[PDB]
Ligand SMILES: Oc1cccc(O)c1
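Form deposited without the ligand, single chain, as structure tokens, below.
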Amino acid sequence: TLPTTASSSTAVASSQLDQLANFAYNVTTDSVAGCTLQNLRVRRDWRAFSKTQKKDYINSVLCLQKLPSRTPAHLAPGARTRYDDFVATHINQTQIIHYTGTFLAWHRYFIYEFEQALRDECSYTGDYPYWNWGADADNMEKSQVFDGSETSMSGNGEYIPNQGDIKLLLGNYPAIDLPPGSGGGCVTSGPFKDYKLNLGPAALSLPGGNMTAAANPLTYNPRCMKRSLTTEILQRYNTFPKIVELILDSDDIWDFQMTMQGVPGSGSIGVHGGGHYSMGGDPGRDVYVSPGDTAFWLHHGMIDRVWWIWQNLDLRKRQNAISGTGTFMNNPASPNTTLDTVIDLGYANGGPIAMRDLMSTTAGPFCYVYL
């Protein structure tokens, strides 16, 4: 039988999450028969990756960052690489994604098309990786995603001392205070030290309250990728209890995405916000440019997995569930998101597609499960 409420103990919460993930894996594989059991791809924990499997993905990411970009030069003069095209369209559509009826499905399609670019343009045969936050909640610097070795998405940045508190002011709600992390500067080690971030910043938070915004975040400004891994941020919004609480106590699609992103006026940035700002640095603290951090795709693999688990717990009522509109926090008011709403990814990959073709990981263009 399945867990009913989330546990206040960290080990038990991991067991419930596992048992909920096993229930989700079971429901999906037993239904499937263009998608079969034989081409059903599997996404796995980045720790389940071998140190040779890690290098294949990293090498496939490094290759996409070296191919020429597809976006027209006038629409984004700062885009140079195939990697920049995905970042460019995320900057372009930040106002109509996030806190929208399309938030969860747009990012499921976003990461899927990012995988296709790896498989078709940089010859990737491995599995898509995801980052389990709760496993690294007590020591993010030891996390195999951020440990600074050459099997990581690079590690911490240079420790800038005497850094001010990060203050987050979205909307007109009172600020949320966060520690500045143990880094702050350019990344040290890892296979991405010479990775040149090209676009942004658009709305980058800074230690001390400021927000660096460029005149046009689509213009060319090459720079390094900065990081300041903040373990304290993870153990506040990303422990195993928080992850299982997000799944077991969200009973409608509204409560799920709201709790996931951070309920307004609640002092919580949710699992989505806490996963972004824990990396710190640039573009870690920029909601527009965050795909510029290579740990974005492992982060959203886990976001999709948490949505995938919650969906299967009641496929009758949760597969096609949608709530929200087409504008950030319905500001200003916009029509309700429906199954007929068409979204696109700009010039990154793919074409415009309706929402109903996105709700299932074993339908539409999708054919995959999680382990």
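Counting begins at 1, following the sequence as shown.
Another form, the form solved in complex with the ligand, is not on view; read the next lines as being about it.
**Q** Does any heavy atom of residue 98 come within 4.5 Å of a heavy atom of the ligand in the deposited bound form?
**A** Result yes; residue 98 sits at the interface with the ligand in the deposited bound form.
**Q** Is it the case that residue 282, even though its partner is missing from this view, gets within 4.5 Å of the ligand in the deposited bound form, heavy atoms only?
**A** Flag for residue 282 set to no.
**Q** Wondering, does residue 226 line up within 4.5 Å of the ligand in the deposited bound form on heavy atoms?
**A** Judged by the heavy-atom cut-off of 4.5 Å, residue 226 is well away from the ligand in the deposited bound form.
**Q** Given that the partner is absent here, does residue 287 sit within 4.5 Å of the ligand in the deposited bound form, heavy atoms only?
**A** Answer yes; at least one heavy atom of residue 287 falls within 4.5 Å of the ligand in the deposited bound form.
**Q** From the list 155, 273, 180, 126, which entry has a heavy atom within 4.5 Å of the ligand in the deposited bound form?
**A** That would be 273.
**Q** Counting non-hydrogen atoms within 4.5 angstroms of the ligand in the deposited bound form, say which of 130, 86, 277, 192 makes the cut.
**A** Checking each option against the ligand in the deposited bound form, the one that comes within 4.5 Å is 277.
**Q** Determine which one of 180-188, 287-295, 115-123, 143-151 lies within 4.5 Å of the ligand in the deposited bound form, judging by heavy atom distances; exactly one does.
**A** That would be 287-295.
**Q** Determine the residues of 328-342 with a heavy atom within 4.5 Å of the ligand in the deposited bound form and present them in sequence order; the list may be empty.
**A** Going through 328-342 in order - heavy atoms within 4.5 Å of the ligand in the deposited bound form - there are no hits.
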